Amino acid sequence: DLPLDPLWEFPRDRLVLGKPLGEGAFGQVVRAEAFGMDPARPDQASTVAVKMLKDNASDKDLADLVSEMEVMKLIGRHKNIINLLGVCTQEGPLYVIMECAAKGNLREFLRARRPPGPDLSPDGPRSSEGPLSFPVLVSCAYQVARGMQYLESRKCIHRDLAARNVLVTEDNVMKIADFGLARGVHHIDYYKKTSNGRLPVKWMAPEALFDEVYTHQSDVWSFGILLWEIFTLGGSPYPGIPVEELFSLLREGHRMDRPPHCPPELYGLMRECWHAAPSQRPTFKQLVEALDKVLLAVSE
């Protein structure tokens, strides 16, 4: 009973729902097989991610998902974001079909690929060599910046940029997720800890936390936090600092320390992203160019 958009509409019978991936404030995500997503190959199978309402869904939950759907329609296609593939709005539950990223989010990707410590028995010529190398970490940071630059050009503010919301494909391509979400910025439980232990307040820019002001520069602040996550290999920001302490420390201008095995160039970018004045933080365009120089200088 939603209006039919033939541009995006996809036959729900061409979907085969599979294992649930996760749930969020107003919707849950399910992995599914899709047949003929490419109209040129009607019987071709592909793995997609389907977002839908829960079973305790209110009219507000539906409005948020519909709003998210329309946002994903408008923003367009970019390599470094999760793209809309199709929708199901006719004769059945509302489905929002988007791209798959096989390896999960960036935080879990990094944490599962930390190097082995000196308690492993040397076996092979690379027993001390881990899955993650410096140029790849820089690449991950570069791709997120380029994606954010794209979203900025489309006048889109993420409002909760984090490693948890960056997805990793089979080819280690970074794809920014959940950029068009209604997040209820006028009623944030700053003390609320997620089921995986995350405190989202630690990613908020000061103007967002204290003044409820969101700009693209507030996302830049979050990007700085995301930079810290990457080069801590999926570490949690402000280590061992409870929310109450975070409030006062931020008011005192406290910033995170330089993480171990992190070159000064990248901690430099982090601190620039954490400049008190939003205008003194780099733009995403500048971040892309800055990270590009580092990436090129380490990719011989």
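Residue positions are given as counts along the sequence shown, with the first one as 1.
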**Fill in**
Taking the deposited Cα B-factors and averaging over 106-114 and over 69-77, the higher mean is found in 69-77
**Asked** For the C-alpha atoms alone, is the average B factor greater in 229-237 or in 36-44, going by the entry?
**Response** 36-44
**Asked** Between 30, 266, 249, 62, which one tops the list for C-alpha B-factor in the PDB entry?
**Response** 62
**Asked** Which one of 24, 18, 11, 278 shows the top CA temperature factor in the record?
**Response** 24
**Request:** Using the B-factors in the PDB entry, rank residue 127's C-alpha atom against the chain and give the third, lowest, middle or highest.
**Result:** highest
**Message:** Among the modelled residues of this chain, does the Cα B factor of residue 261 put it in the lowest, middle or highest third?
**Reply:** highest
**Message:** By the recorded C-alpha temperature factor, relative to the other modelled residues in its chain, which third is residue 170 in?
**Reply:** middle
**Message:** Ranking the modelled residues of this chain by C-alpha B-factor as given in the entry, is residue 184 in the lowest, middle or highest third?
**Reply:** highest
**Item:** B-factor third for the C-alpha atom of residue 146 within its chain
**Value:** lowest
